[PDB]
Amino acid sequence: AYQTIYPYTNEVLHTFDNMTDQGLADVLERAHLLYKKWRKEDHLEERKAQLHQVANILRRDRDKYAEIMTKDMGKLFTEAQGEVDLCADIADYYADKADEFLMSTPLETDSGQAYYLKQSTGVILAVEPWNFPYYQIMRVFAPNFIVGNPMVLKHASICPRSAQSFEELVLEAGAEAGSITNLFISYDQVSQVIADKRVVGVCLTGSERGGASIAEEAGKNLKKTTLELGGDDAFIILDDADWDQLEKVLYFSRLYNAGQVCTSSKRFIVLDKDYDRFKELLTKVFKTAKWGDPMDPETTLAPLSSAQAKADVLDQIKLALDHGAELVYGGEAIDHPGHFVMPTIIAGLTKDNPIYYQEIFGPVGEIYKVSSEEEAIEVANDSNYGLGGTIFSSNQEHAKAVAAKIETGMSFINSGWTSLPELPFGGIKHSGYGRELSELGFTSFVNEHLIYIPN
């Protein structure tokens, strides 16, 4: 069921064939041997060069990879170009930090001398989503490639060209076959891969449904995992928030990638005094959305990645309204072949409303009204999610104080989400566990090998 179906026109561009049991078997043995090869010999310097090379090609053919993502899951070409740029950076980052992150860590003891090596463990299985085709892969491929963990990837069924093309990208960079292999497999084959003794760990970014499913199979086979699940991020606006600056980030905060971002600012928490003012501003901002062809430079709102996604976001809005939510803006159906959903804003949300605790992976602004910081922090923590979130206050000492009181994995001050090579990314609760990127992400599947020498 792997097809590239352009979200703008809804026309199938390419259909890919599944991988067979034998094919999969061959892929794992190749990967396993490569792991052993990198364990016996020191090919580190080579992988570094190959990783830099990957960055160069991406830079060189940036527009080519960008369009592939647009035609695959229908996001703005300009955004796609941006994703690519972040990828070039994640790649150069680990290729540069390679030696530092891999050197031995000495330990302090009176009993003698001790330290630990950062070694590779084996073949890693990566399960990724469609919202950020290349970023989702590079986020975990770059670190493990440096470490020496061959990788096998099972991407989303709607972005097969990006998954396939990423493998070629790495090969074209001079990487040995098996460094990373894309797998057009079913979920039954995924459980087989996990159950294979040649696979040592699994890193999955996606939905709770799949996360629970994979994590369970992973745990049944004693395999280590890291889950990067969804978010229902709280964008808190304190009394001293800068509104001229606030106006500059709002569009991006909730309409970037049509709202299909795990760290999207799904929940807007605003004070009683600012409630009306905010409704006007969010509305003013949502009105500037120019939807249309995602390849066109002047389009600012892309269509959702699939007909199902659109159906889901709409059902969610409906449900909200059926339970008391107030329709502040949008909600008008769009007439066009594309999987479009116009920006919509809802408020008047209460705890007895199921949407209050649900994540809407679309262009839907949600306004929550509180009477104080205490209440803001309370609403913010009243969630099964804990990925990101934002604190808006001109006083940074103040924003920091509040942020630390939020049960979440990340807090962005006076801005929407941001991802960088050096910054760790992950969350808590139903948003998963484990951190990606930075140095914490580098060691997820590293074997801390202790060498102890007593006196």
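Position 1 is the first residue in the sequence shown; the rest follow in order.
For the segment pair 194 to 202 and 105 to 113, the entry gives 105 to 113 the higher mean B-factor, averaged over Cα atoms. Once the C-alpha B-factors are averaged per stretch, 418 to 426 and 60 to 68 rank with 60 to 68 first. Note on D382, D232, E228, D315: the highest value goes to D315, judged by CA B factor as recorded.
As recorded in the PDB entry, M295 shows the highest C-alpha B-factor of the residues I237, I367, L86, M295. Per the deposited record, the Cα B-factor of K405 falls in the lowest third when ranked against the other modelled residues of its chain. Annotation for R30: C-alpha temperature factor in the lowest third relative to the rest of the modelled chain, per the entry.
The deposited CA B-factor of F184 belongs to the lowest third of values across its chain.
Ranked within its chain, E374 lands in the highest third, by CA B factor from the PDB record.
In the PDB entry, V285 places in the highest third of its chain by CA B-factor.
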